[PDB]
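[1] return atomic coordinates for the entry below.
(one chain, ligands or ions: 1)
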Amino acid sequence: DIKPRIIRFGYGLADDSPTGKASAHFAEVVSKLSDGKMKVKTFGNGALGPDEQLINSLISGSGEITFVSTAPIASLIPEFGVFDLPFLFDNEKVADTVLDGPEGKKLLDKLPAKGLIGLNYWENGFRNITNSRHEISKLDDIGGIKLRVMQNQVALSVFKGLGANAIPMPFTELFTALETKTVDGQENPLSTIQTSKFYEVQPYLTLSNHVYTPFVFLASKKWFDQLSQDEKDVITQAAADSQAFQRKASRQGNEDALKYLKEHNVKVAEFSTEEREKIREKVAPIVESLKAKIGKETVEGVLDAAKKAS
Ligand SMILES: C[C@H](O)[C@H](O)[C@H](O)[C@@H](O)C(=O)O
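    Numbers count the residues shown, from 1 in each chain. Pasting the structure now:
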C-alpha cells in the first residue's frame, strides 16, 4: 500500500556536508524501498529556512522531513536544552549509547505532543570555537568575545558565564555575520566549519569540543499520520539505515575536516590540560543554575546514562 508521493526535506547545512550527503542517502533509500514511488526532494543550505522555520513547517505541514539541532527544540520542549551543557559526553560512543537508549527515547517521546515525530537521532557533533579577533588558547581569551550561539537560554547562559558576549543567531545568517565582523566568532563541528566555509572568514580555530550536539531526524506528525503503514515503514526503515550511514559519514568527515583545516594552514589552537579544568569550575555553578530550566530528572538521567556508558 504505497501511493506516489513527493516529500520535501529542507535543512540548514551545506549539501556536501556529511549530513547533507546522508539526506541524499535517505532520499535514495526511500526511493528503493518504495519502487521509486516515494521521492524525497532535498533543499539544502537553508533554502527552506533555518532550523526554527523548518520546525514550524513540519508543525504546520508545509514540510515533511528535516534534521535540526536539539537547541532550537528547547523553545518547544525545554528538556532538549540538556545537550547544550558542556562536557556531557566524553565521546561519540557514549553519545550513541545514551541517545539511542532510554534517556534519548524519553526526550523523543515528547515530540508528538508538539506535532513532530522524532524518527531517531543523527550526529551534529562536538563543537569547536572559531573567531577572527585573537587566538583562544585560554578560558581568559573568551572574555568579551562576540560569539554567536544557538538560540536557547542554555547556550546563551553557558557562554555568557564563560565571559563571552553571546549573540543568539540563526545558522542561516552566520556566514555573513562572520564575514562582516558583526560577530567575532562562532562554534560548530569541524566538518561544518569546513563545508559552510567559516574558515574563510575565521583565521582562528580552537579545538575545544566543549558541547556535543545531537541532531533530531524529524517528520511532520500531521503528515506522517496520514501515511499508510507500508508508507511509514518506508520512512522508519529509511531513517534507520540513514542514521548508520549518517554517523559514519559524520565521523569520517570530522577526520577529513581536521586534515583539511590543518593542511589549509588554519591557525589551530587547543585548550591546555588545565585551561580545560579552568573551564569546568567556571560552568559547574551556572550548569547547576540551569538544571531548573531544563528539568532535573532529564539532566540527572542523562548524566547517569552518560556515566554508565563510559
Ligand atoms: C541548521 C544546522 O543544520 C544546525 O542546526 C546548525 O548548524 C547548528 O550547529 C547551529 O550552529 O545552529
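
[2] how about the helices of the stretch 151-300 of the chain, start to end?
    Ranges of helices within the stretch 151-300 of the chain are 153-161, 174-179, 190-195, 221-225, 229-263, 273-294, 296-309, based on DSSP state H, counting those that start in this stretch.

[3] of those helices, which approaches the ligand most closely?
    Minimum separation from the ligand across those (CB to the nearest ligand atom) falls at helix 190-195, 5.6 Å. C-beta here means a position set from N, CA and C on the backbone, and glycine is covered the same way.

[4] give me whichever of the helices of the stretch 151-300 of the chain is most buried.
    Burial of those is given as mean neighbour count (mean count of other CB atoms under 10 Å); helix 190-195 ranks first at a mean of 26.

[5] for the closest residue to the ligand within the stretch 1-150 of the chain, what are its contacts?
    At 2.5 Å from the ligand, residue 12 is the closest residue in the stretch 1-150 of the chain, using CB to the nearest ligand atom. For residue 12, the contacting residues are 45, 46, 50, 51, 54, 68, 171, 172, by CB atoms under 8 Å, 6 or more residues apart in numbering.

[6] the residue nearest to the last one when sequence neighbours are not counted: what secondary structure?
    Spatially, and ignoring its direct neighbours in sequence, residue 172 is nearest to residue 46 (3.7 Å; CB to CB, 6 or more residues apart in numbering). Under DSSP: H, G, I helix; E, B strand; the rest coil, residue 46 falls in the coil class.

[7] quick revisit: CSV for the helices of the stretch 151-300 of the chain, including distance to the ligand?
    Listed next are the helices of the stretch 151-300 of the chain as CSV, based on distance: least, CB to the nearest ligand atom, whole Å:
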stretch, distance to the ligand
helix 153-161, 9
helix 174-179, 7
helix 190-195, 6
helix 221-225, 20
helix 229-263, 12
helix 273-294, 18
helix 296-309, 19
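
[8] redo those helices as TSV? Include distance to residue 213.
    Listed next are the helices of the stretch 151-300 of the chain as TSV, based on distance: least, CB to CB, whole Å:
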stretch	distance to residue 213
helix 153-161	10
helix 174-179	14
helix 190-195	10
helix 221-225	23
helix 229-263	11
helix 273-294	15
helix 296-309	14
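
[9] which of these sits closest to residue 79?
    Comparison of the helices of the stretch 151-300 of the chain against residue 79 by CB to CB identifies helix 296-309 as nearest, at 4.3 Å.

[10] that closest one versus helix 273-294: what angle between them?
    Relative orientation of helix 296-309 versus helix 273-294 (axes from the mean of the first three to the mean of the last three CA atoms, to 10 degrees): 140 degrees.

[11] pull the residues that contact helix 296-309.
    79, 82, 85, 88-90, 93-94, 97-98, 101-103, 106-107, 291.

[12] nearest to residue 167, of these?
    residue 85 (19.6 Å).

[13] grab the nearest non-local neighbour of that closest one.
    That would be residue 287: by CB to CB, 6+ apart, it lies 5.6 Å from residue 85.

[14] what helices or strands is the strand or helix carrying residue 141 leaning on?
    Assigned by DSSP states H and E, residue 141 belongs to helix 139-142. If you count contacts as 3 or more CB pairs under 8 Å, 6 or more residues apart in numbering; DSSP states H and E, helix 139-142 packs onto helix 273-294.
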